[PDB]
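All remarks here apply to the structure that follows.
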Amino acid sequence: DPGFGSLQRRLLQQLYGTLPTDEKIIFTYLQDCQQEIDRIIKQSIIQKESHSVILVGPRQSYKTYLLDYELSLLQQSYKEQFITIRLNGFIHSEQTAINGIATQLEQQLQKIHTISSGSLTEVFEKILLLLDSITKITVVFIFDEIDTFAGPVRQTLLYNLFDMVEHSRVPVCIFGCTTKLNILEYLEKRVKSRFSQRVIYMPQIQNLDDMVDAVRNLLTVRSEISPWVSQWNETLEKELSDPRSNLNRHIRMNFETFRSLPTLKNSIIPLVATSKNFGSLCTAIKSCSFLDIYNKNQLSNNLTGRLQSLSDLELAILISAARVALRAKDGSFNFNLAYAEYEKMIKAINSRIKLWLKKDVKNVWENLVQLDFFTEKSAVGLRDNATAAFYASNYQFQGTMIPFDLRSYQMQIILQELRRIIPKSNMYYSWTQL
Amino acid sequence: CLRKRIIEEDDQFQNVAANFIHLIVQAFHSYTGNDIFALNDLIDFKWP
Ligand SMILES: Nc1ncnc2c1ncn2[C@@H]1O[C@H](COP(=O)(O)OP(=O)(O)OP(=O)(O)O)[C@@H](O)[C@H]1O
Ligand SMILES: [Mg+2]
């Protein structure tokens, strides 16, 4: 069935958004923001007016998608009118962004028709000579994660960028993107004064009909590139119009928990791709049993699923450690006290099962630390940045120089949570109460 | 080691190997948990 292959491929690239530009899908709740971004970028590229605007919205809220759609829209009709410089706040640092701007400037100006050669002082003053200072070429700056350059110490790059926006003869468009709602408070006073205070907040999903209409936009094939298109559109419209269908129930569950269309797309894609024929795809979209299987797999390495993989000695040691941590006031325990509780519990069970020695319980203890059931007391864990991690790697911690049986640990799961989802018919269930 | 002791004293050989593996699992699953590598180590130490 090559027609099913064509329909499956079309549905898959609609779900990945990799359509041609004229066929790109804009959701109805995203349309006002898309028009506002289109007006700003058209006033920059067509009409040579300088602009400064920060896009504020959560992750996966189509900030990059709308900007890329607008730039590819103006790419096909005004190609020689503008160049694009892309900076990302994670990849680029305050010194490295100068070199990135210079290298993108030379490779973008060689694409239409050196600036990037020398030390950092020379490169920066050459960029300033080009920008600080027929039609003029617009320079569009796309600044992702712009909050990292609005720091508390100094904001040199944002100062010079907004100075180029407000006081230069080359027209420049600067788009910032961030997740921080209070991005204007991050800005220094002179940087905020040079900024235009134009902040666009990305639209959120307000009602369930927005999610259903977006799913309808994603899964309806609007071109007749397969013979199965009409039946697929009919069955999809039948499932979406029915309020009691399984797909509507999954959309409602997403609206109540995640409220994220990329989250739903990540489940819809293997439902579409794992089907082998047209009727199998129709049964899959009518039942959505694969969505249940996917949801079960997404939770299988959580705290609930990791406990169900434990052995009887592992579960007994974990219960004993949770008992010792509950009785403690700092919630702290070690291997010796947990082994004392374990041997007490085994004696009171066999008085009313093999007792293992401390040498063999050492391995189960190490596995429980490895599976993130226990953690070291007041441990910071993974550091935020490379500098603090580098500082931590050059320090010898006091919990790594004492013997293992005296190291203080704290529970990632408490005894009440242990009682909740260990089954009532289990052997050690009675000792989850204290 | 196995063939050297058969000489010095094919489904049957698979039977005794699988029975050894099941005995190792039944003796040390509470010790190893579901660690494949720990049971591989115990099999390699206790086979000869
Ligand atoms: N150029 C693109 N073409 C097609 N789909 C894209 C493109 N850029 C992003 N997407 C898709 O858009 C969805 C999320 O939007 P996007 O990546 O724009 O989020 P964002 O709000 O800019 O994110 P962040 O704050 O993390 O940078 C995802 O499904 C992603 O795959
Ligand atoms: Mg982005």
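Would you mind finding the one in B:40, B:19 that is away from every other protein chain (no Cβ under 14 Å), closer than 25 Å to residue A:362 by Cβ and surrounded by 10 or more Cβ atoms within 10 Å (Cβ to Cβ)?
Within the list B:40, B:19, the selection yields B:40.
Tell me which residues, restricted to segment A:133-170, are within 16 Å of ligand 1 (Cβ to nearest atom) and outside any loop (DSSP other than H, G, I, E, B).
Result: A:140, A:141, A:142, A:143, A:144, A:146, A:147, A:148.
Quick one: is residue A:29 within 15 Å of ligand 1 (Cβ to nearest atom), more than 14 Å from every other protein chain (Cβ to nearest Cβ), assigned to a helix (DSSP H, G or I) and in contact with an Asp or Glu (Cβ under 9 Å, 6 or more places away or on another chain)?
Against the criterion (within 15 Å of ligand 1 (Cβ to nearest atom), more than 14 Å from every other protein chain (Cβ to nearest Cβ), assigned to a helix (DSSP H, G or I) and in contact with an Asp or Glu (Cβ under 9 Å, 6 or more places away or on another chain)), residue A:29 qualifies.
Which residues, counting only those in segment A:1-26, are in a helix (DSSP H, G or I) and of a type in the set (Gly, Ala, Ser)?
Across segment A:1-26, the qualifying residues are A:3, A:5, A:6.
Residues that are within 34 Å of the chain's Cα centre (by Cα) and either under 18 Å from residue A:326 (Cα atoms) or within 14 Å of chain B (Cβ to nearest Cβ) (or both): find the helices (runs of 4 or more DSSP H) completely inside segment A:346-428 holding 3 or more of those.
A:358-370, A:415-421
For the condition part of a helix (DSSP H, G or I) and within 11 Å of another protein chain (Cβ to nearest Cβ), what is the one hit in A:316, A:338?
Just one listed residue meets the conditions, A:316.
Of all residues in segment A:41-66, count the ones that are within 16 Å of residue A:198 (Cα to Cα) and within 16 Å of ligand 1 (Cβ to nearest atom).
7
When you check residue A:91 against the structure, is it under 23 Å from residue A:223 (Cβ atoms) and part of a loop (DSSP other than H, G, I, E, B), yes or no?
For residue A:91, the condition - under 23 Å from residue A:223 (Cβ atoms) and part of a loop (DSSP other than H, G, I, E, B) - is not met.
Between A:416, A:398, which is surrounded by 10 or more Cβ atoms within 10 Å (Cβ to Cβ), among the polar types (S, T, N, Q) and more than 17 Å from residue A:342 (Cβ to Cβ)?
Among A:416, A:398, only A:416 is surrounded by 10 or more Cβ atoms within 10 Å (Cβ to Cβ), among the polar types (S, T, N, Q) and more than 17 Å from residue A:342 (Cβ to Cβ).
Please enumerate the residues belonging to segment A:165-194 that are within 16 Å of ligand 2 (Cβ to nearest atom) and of a type outside the set (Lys, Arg).
If the condition is that a residue be within 16 Å of ligand 2 (Cβ to nearest atom) and of a type outside the set (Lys, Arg), then A:174, A:175, A:176, A:177, A:178, A:179, A:183 are the ones that fit.
Which of (1) within 15 Å of ligand 2 (Cβ to nearest atom); (2) within 19 Å of residue A:140 (Cβ to Cβ); (3) surrounded by 19 or more Cβ atoms within 10 Å (Cβ to Cβ) does residue A:82 not meet, given it meets every other one?
Residue A:82 satisfies every listed condition except (1).
Taking the options A:74, A:67, name whichever one is surrounded by 13 or more Cβ atoms within 10 Å (Cβ to Cβ), within 23 Å of the chain's Cα centre (by Cα) and not in a strand (DSSP E or B).
A:67
Residues in segment A:338-359 that are charged (D, E, K, R) and surrounded by 13 or more Cβ atoms within 10 Å (Cβ to Cβ): how many?
The total comes to 4.
So is residue A:74 away from ligand 2 (no atom under 16 Å from the Cβ), out of contact with any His (no Cβ under 7 Å at 6 or more places or on another chain) and over 15 Å from residue A:175 (Cβ atoms) or not?
It is false that residue A:74 is away from ligand 2 (no atom under 16 Å from the Cβ), out of contact with any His (no Cβ under 7 Å at 6 or more places or on another chain) and over 15 Å from residue A:175 (Cβ atoms).
No Cβ is skipped: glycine too gets one built from the backbone with ideal geometry, and neighbour counts run over all protein chains shown. FYI, it's all coordinate maths here, none of it is from the lab.
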